[PDB]
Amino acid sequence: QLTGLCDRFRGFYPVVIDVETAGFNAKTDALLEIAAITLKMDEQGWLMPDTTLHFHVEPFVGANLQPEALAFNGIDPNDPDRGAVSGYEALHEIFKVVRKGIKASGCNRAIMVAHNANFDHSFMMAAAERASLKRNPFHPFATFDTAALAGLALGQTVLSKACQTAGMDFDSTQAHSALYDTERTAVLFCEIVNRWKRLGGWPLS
């Protein structure tokens, strides 16, 4: 009977997030770029990516830029044509569409979906703080961790191995990029959730 998205996650509005940084310290390390993918649901009850956003962010003044983090993600904060923006700008934009998406869905509160979510969730909140952003539509401590979910559904914790075992195609060399990860992640979630529905896991009976 219940087609809608709002019903599937108690009224939560699952938004996918990945983040590329200049280190592992959410407080002291710079946010270099962030991508966000909202989800949608059809009348058959199937889950699929909806709208997509991504931003290159300029490190908050005073921020650390760990050399290795740069070696890993191959990002250059100094590059002029980076077309980067202020943490505020990205986050401000990401939020407004999420809120807009929540109303449409009939949800009551957004919740971040991410691989090893806390990490990303950690950085976001910290970025909203520096940005003095308010009304944040995300849940303050509740997250959907694709690492844990993949452990249950596929028996794999790594994003790479999870995507590969699930039957997805995963280009590891392109992974470092934000938009690619948020995409491979969003689909994973949808594949995990949807396969669950196929095996008669949902609805609950």
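Start at 1 with the first residue shown and count on from there.
Mean CA temperature factor is higher for 168-176 when stretches 168-176 and 147-155 are set side by side in the entry. Ranked against the other modelled residues of its chain, the C-alpha B-factor of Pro137 as given in the entry falls in the highest third. In the deposited entry, the Cα temperature factor of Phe24 places it in the highest third of its chain's modelled residues. In this PDB entry, the Cα temperature factor of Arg82 sits in the top third of its chain's modelled residues, the highest group. In the PDB entry, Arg130 places in the middle third of its chain by CA B-factor.
The deposited CA B-factor of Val113 belongs to the lowest third of values across its chain.
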